[PDB]
Structure formats: C-alpha cells, structure tokens
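Enquirer: First to last, the protein sequences are chains D and A. When you read off a place in the first sequence, starting at 1, and then add 739, the result is the number in the authors' numbering. When you read off a place in the second sequence, starting at 1, and then add 148, the result is the number in the authors' numbering. C-beta: ideal position from N, C-alpha, C; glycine also.
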Amino acid sequence: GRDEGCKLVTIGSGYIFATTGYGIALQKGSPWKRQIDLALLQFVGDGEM
Amino acid sequence: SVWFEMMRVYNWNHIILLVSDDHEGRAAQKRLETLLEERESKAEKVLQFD
Numbered sequence: 740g741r742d743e744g745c746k747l748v749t750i751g752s753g754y755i756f757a758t759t760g761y762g763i764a765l766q767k768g769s770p771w772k773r774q775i776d777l778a779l780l781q782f783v784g785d786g787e788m
Numbered sequence: 149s150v151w152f153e154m155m156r157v158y159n160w161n162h163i164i165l166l167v168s169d170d171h172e173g174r175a176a177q178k179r180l181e182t183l184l185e186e187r188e189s190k191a192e193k194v195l196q197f198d
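1. With a threshold of 6 Å on Cβ separation, who are the neighbours of A/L166 within its own chain once the five nearest residues in sequence on each side are excluded?
2. Are there three or more Cβ pairs, one per stretch, closer than 8 Å when the segment 775–785 of chain D is compared with the segment 155–175 of chain A?
3. Going by C-alpha to C-alpha distance, which of D/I763, D/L747 and D/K767 sits closest to A/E188?
4. Can you name the start and end residues of the beta strand (DSSP E) that A/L166 belongs to?
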C-alpha cells in the first residue's frame, strides 16, 4: 500500500497459503485468559477493531 | 474450596454438583462457579431438590 509506483504486488490474497492469525500467548494456566478473550471479542464486536 | 483444592490434588476436572439443601446450596453453587471461573470451567450438572 506504500509501494513506490505500485510495482511490488503479491499474487492472490491468501488462497493457496497457510492463512493463520495472530493472538496473545499466555502461560499455561494464566488467570487473565477469559478477560482478554472477552475483551478481544468486545473490540471486534463494535467496529473498534 | 478445599474440594477445588482436591481438583488441584488429583488434577480432576469433571464434577457433578448434588446439594439436597436449598438455602446454603445456592451460595455453595455460586462459590463453586466462582472458583471454576479460574480454570474457566463449569460443572457438568447441578442438582437441588427438597
């Protein structure tokens, strides 16, 4: 999107690729997992994301 | 809570709540759900009767 002259353009949009996502890696047993998950669902759930 | 600590002893997760009483049983169920919120879990089935 900031390419000089719009030269470098990828092929496709993630069709024959891995197509993963990004998250927050908490410790196995952390007491903040539920609040972080509900906060992310609230952030996506109102157009803030 | 000690029984929740028993769930820390044997690493058990699948529990069934059975309370014959009604007055203290609601507070015991609320405390058990508050403690299972830490594991982000719930009991399989809760039971109260006469």
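Expert: Taking the structure as given:
1. Its chain contains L195 as the residues whose beta carbon lies nearer than 6 Å to that of A/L166, once the 5 sequence neighbours on both sides are disregarded; these appear in chain order.
2. Between the segment 775–785 of chain D and the segment 155–175 of chain A, the count of C-beta pairs closer than 8 Å stays below three; the two stretches do not touch.
3. Ranking D/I763, D/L747 and D/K767 by Cα distance to A/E188 puts D/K767 first.
4. Counting along the chain, the unbroken beta strand (DSSP E) around A/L166 starts and ends at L165 to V167.
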